[PDB]
$ cat target-v2.pdb   # PDB, C-alpha atoms
ATOM      1  CA  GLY A   1      -3.212  50.440  40.613  1.00  0.00           C
ATOM      2  CA  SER A   2      -2.324  54.084  41.350  1.00  0.00           C
ATOM      3  CA  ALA A   3      -4.454  56.236  43.687  1.00  0.00           C
ATOM      4  CA  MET A   4      -4.764  57.591  47.249  1.00  0.00           C
ATOM      5  CA  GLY A   5      -1.672  59.760  46.672  1.00  0.00           C
ATOM      6  CA  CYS A   6      -1.078  63.518  46.333  1.00  0.00           C
ATOM      7  CA  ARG A   7       0.891  62.767  43.144  1.00  0.00           C
ATOM      8  CA  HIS A   8      -2.312  61.163  41.805  1.00  0.00           C
ATOM      9  CA  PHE A   9      -4.404  64.307  42.395  1.00  0.00           C
ATOM     10  CA  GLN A  10      -5.061  65.879  38.965  1.00  0.00           C
ATOM     11  CA  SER A  11      -5.324  69.400  40.432  1.00  0.00           C
ATOM     12  CA  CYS A  12      -3.771  71.176  43.437  1.00  0.00           C
ATOM     13  CA  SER A  13      -7.045  71.236  45.423  1.00  0.00           C
ATOM     14  CA  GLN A  14      -6.593  67.748  46.926  1.00  0.00           C
ATOM     15  CA  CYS A  15      -2.781  68.136  46.837  1.00  0.00           C
ATOM     16  CA  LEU A  16      -3.020  70.786  49.564  1.00  0.00           C
ATOM     17  CA  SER A  17      -6.478  69.789  50.876  1.00  0.00           C
ATOM     18  CA  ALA A  18      -5.486  66.254  51.977  1.00  0.00           C
ATOM     19  CA  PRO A  19      -1.919  66.377  53.293  1.00  0.00           C
ATOM     20  CA  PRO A  20      -2.535  63.948  56.215  1.00  0.00           C
ATOM     21  CA  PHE A  21      -3.426  61.227  53.688  1.00  0.00           C
ATOM     22  CA  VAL A  22      -0.731  62.106  51.118  1.00  0.00           C
ATOM     23  CA  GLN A  23       2.971  63.060  51.172  1.00  0.00           C
ATOM     24  CA  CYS A  24       3.551  64.691  47.752  1.00  0.00           C
ATOM     25  CA  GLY A  25       3.269  68.443  47.043  1.00  0.00           C
ATOM     26  CA  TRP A  26       3.245  70.802  44.047  1.00  0.00           C
ATOM     27  CA  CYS A  27       6.655  71.248  42.373  1.00  0.00           C
ATOM     28  CA  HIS A  28       7.047  73.873  39.609  1.00  0.00           C
ATOM     29  CA  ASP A  29       4.255  71.993  37.725  1.00  0.00           C
ATOM     30  CA  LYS A  30       3.059  68.493  38.738  1.00  0.00           C
ATOM     31  CA  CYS A  31       2.265  67.397  42.307  1.00  0.00           C
ATOM     32  CA  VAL A  32       5.317  65.480  43.564  1.00  0.00           C
ATOM     33  CA  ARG A  33       7.689  65.496  46.562  1.00  0.00           C
ATOM     34  CA  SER A  34      11.426  66.185  46.944  1.00  0.00           C
ATOM     35  CA  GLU A  35      12.162  62.592  45.855  1.00  0.00           C
ATOM     36  CA  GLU A  36      10.744  63.738  42.495  1.00  0.00           C
ATOM     37  CA  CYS A  37      11.946  67.368  42.443  1.00  0.00           C
ATOM     38  CA  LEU A  38      15.564  67.184  41.214  1.00  0.00           C
ATOM     39  CA  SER A  39      15.960  70.876  42.127  1.00  0.00           C
ATOM     40  CA  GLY A  40      15.182  70.312  45.823  1.00  0.00           C
ATOM     41  CA  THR A  41      12.385  72.914  45.677  1.00  0.00           C
ATOM     42  CA  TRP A  42       8.962  71.732  46.907  1.00  0.00           C
ATOM     43  CA  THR A  43       5.887  73.983  47.246  1.00  0.00           C
ATOM     44  CA  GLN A  44       2.748  72.848  49.104  1.00  0.00           C
ATOM     45  CA  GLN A  45       0.824  76.152  48.943  1.00  0.00           C
ATOM     46  CA  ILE A  46      -0.619  77.609  45.713  1.00  0.00           C
ATOM     47  CA  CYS A  47      -4.427  77.306  45.530  1.00  0.00           C
ATOM     48  CA  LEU A  48      -6.618  79.497  47.768  1.00  0.00           C
TER
END
$ encode --input "target-v2.pdb" --output "structure tokens"
Amino acid sequence: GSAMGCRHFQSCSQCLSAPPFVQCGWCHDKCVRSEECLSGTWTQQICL
């Protein structure tokens, strides 16, 4: 079972539209958090 998570969001709309219910963010491609970004770079702002 995998859901209710920013990393589960297929697009960036919910990734940055539901931050209080998720903890992941967009990282150079897929929506993940530092724990996933091996570069240490994490962006949570891309869609308008």
$ residues_around --input "target-v2.pdb" --residues "residue 31 (chain A)" --least-positions-apart "6" --cutoff "8 Å" --atoms "all atoms listed in the file" --output "mmCIF file with C-alpha atoms, keeping the file's coordinate frame"
data_model
loop_
_atom_site.group_PDB
_atom_site.id
_atom_site.type_symbol
_atom_site.label_atom_id
_atom_site.label_comp_id
_atom_site.auth_asym_id
_atom_site.auth_seq_id
_atom_site.Cartn_x
_atom_site.Cartn_y
_atom_site.Cartn_z
ATOM 1 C CA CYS A 6 -1.078 63.518 46.333
ATOM 2 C CA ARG A 7 0.891 62.767 43.144
ATOM 3 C CA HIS A 8 -2.312 61.163 41.805
ATOM 4 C CA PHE A 9 -4.404 64.307 42.395
ATOM 5 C CA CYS A 12 -3.771 71.176 43.437
ATOM 6 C CA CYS A 15 -2.781 68.136 46.837
ATOM 7 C CA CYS A 24 3.551 64.691 47.752
ATOM 8 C CA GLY A 25 3.269 68.443 47.043
#
$ atom_distance --input "target-v2.pdb" --atom1 "CA of residue 36 (chain A)" --atom2 "CA of residue 17 (chain A)"
20.1 Å
$ atom_distance --input "target-v2.pdb" --atom1 "CA of residue 45 (chain A)" --atom2 "CA of residue 3 (chain A)"
21.3 Å
$ closest_residue --input "target-v2.pdb" --among "A:48, A:30, A:40, A:35" --to "residue 10 (chain A)" --atoms "all atoms listed in the file"
A:30
$ atom_distance --input "target-v2.pdb" --atom1 "CA of residue 43 (chain A)" --atom2 "CA of residue 5 (chain A)"
16.1 Å
$ closest_residue --input "target-v2.pdb" --among "A:47, A:1, A:42, A:14" --to "residue 26 (chain A)" --atoms "all atoms listed in the file"
A:42
$ closest_residue --input "target-v2.pdb" --among "A:27, A:33, A:4, A:20" --to "residue 46 (chain A)" --atoms "only C-alpha atoms"
A:27
$ decode --input "target-v2.pdb" --residues "chain A" --atoms "C-alpha atoms" --output "PDB file, in the first residue's frame"
ATOM      1  CA  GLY A   1       0.000   0.000   0.000  1.00  0.00           C
ATOM      2  CA  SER A   2       1.596   3.308  -1.062  1.00  0.00           C
ATOM      3  CA  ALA A   3      -0.354   6.597  -0.970  1.00  0.00           C
ATOM      4  CA  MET A   4      -1.010   9.769   1.061  1.00  0.00           C
ATOM      5  CA  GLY A   5       2.572  10.917   0.390  1.00  0.00           C
ATOM      6  CA  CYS A   6       4.127  13.728  -1.677  1.00  0.00           C
ATOM      7  CA  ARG A   7       6.434  11.107  -3.231  1.00  0.00           C
ATOM      8  CA  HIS A   8       3.261   9.332  -4.415  1.00  0.00           C
ATOM      9  CA  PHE A   9       1.933  12.426  -6.225  1.00  0.00           C
ATOM     10  CA  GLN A  10       2.365  11.804  -9.978  1.00  0.00           C
ATOM     11  CA  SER A  11       2.696  15.536 -10.739  1.00  0.00           C
ATOM     12  CA  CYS A  12       4.020  18.558  -8.814  1.00  0.00           C
ATOM     13  CA  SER A  13       0.539  20.050  -8.247  1.00  0.00           C
ATOM     14  CA  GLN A  14      -0.183  18.028  -5.082  1.00  0.00           C
ATOM     15  CA  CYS A  15       3.548  17.937  -4.213  1.00  0.00           C
ATOM     16  CA  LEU A  16       3.441  21.679  -3.505  1.00  0.00           C
ATOM     17  CA  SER A  17      -0.344  21.941  -2.975  1.00  0.00           C
ATOM     18  CA  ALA A  18      -0.487  19.600   0.057  1.00  0.00           C
ATOM     19  CA  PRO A  19       2.673  20.121   2.111  1.00  0.00           C
ATOM     20  CA  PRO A  20       0.920  19.873   5.528  1.00  0.00           C
ATOM     21  CA  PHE A  21      -0.102  16.293   4.679  1.00  0.00           C
ATOM     22  CA  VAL A  22       3.175  15.285   2.979  1.00  0.00           C
ATOM     23  CA  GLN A  23       6.913  15.748   3.632  1.00  0.00           C
ATOM     24  CA  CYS A  24       8.534  15.064   0.226  1.00  0.00           C
ATOM     25  CA  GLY A  25       9.328  17.741  -2.395  1.00  0.00           C
ATOM     26  CA  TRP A  26      10.470  17.948  -6.027  1.00  0.00           C
ATOM     27  CA  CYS A  27      14.144  17.034  -6.571  1.00  0.00           C
ATOM     28  CA  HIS A  28      15.702  17.553 -10.034  1.00  0.00           C
ATOM     29  CA  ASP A  29      12.957  15.204 -11.383  1.00  0.00           C
ATOM     30  CA  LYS A  30      10.763  13.045  -9.097  1.00  0.00           C
ATOM     31  CA  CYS A  31       9.041  14.270  -5.918  1.00  0.00           C
ATOM     32  CA  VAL A  32      11.222  13.144  -2.994  1.00  0.00           C
ATOM     33  CA  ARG A  33      12.892  14.652   0.096  1.00  0.00           C
ATOM     34  CA  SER A  34      16.535  15.083   1.159  1.00  0.00           C
ATOM     35  CA  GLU A  35      16.563  11.465   2.401  1.00  0.00           C
ATOM     36  CA  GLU A  36      16.154  10.606  -1.302  1.00  0.00           C
ATOM     37  CA  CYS A  37      18.199  13.421  -2.890  1.00  0.00           C
ATOM     38  CA  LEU A  38      21.829  12.229  -2.687  1.00  0.00           C
ATOM     39  CA  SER A  39      22.935  15.722  -3.781  1.00  0.00           C
ATOM     40  CA  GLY A  40      21.336  17.452  -0.775  1.00  0.00           C
ATOM     41  CA  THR A  41      19.349  19.749  -3.098  1.00  0.00           C
ATOM     42  CA  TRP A  42      15.569  19.809  -2.524  1.00  0.00           C
ATOM     43  CA  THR A  43      13.136  22.124  -4.359  1.00  0.00           C
ATOM     44  CA  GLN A  44       9.514  22.557  -3.225  1.00  0.00           C
ATOM     45  CA  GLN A  45       8.532  25.336  -5.666  1.00  0.00           C
ATOM     46  CA  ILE A  46       8.151  24.807  -9.437  1.00  0.00           C
ATOM     47  CA  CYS A  47       4.498  24.811 -10.565  1.00  0.00           C
ATOM     48  CA  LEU A  48       2.520  28.082 -10.591  1.00  0.00           C
TER      49      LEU A  48
END
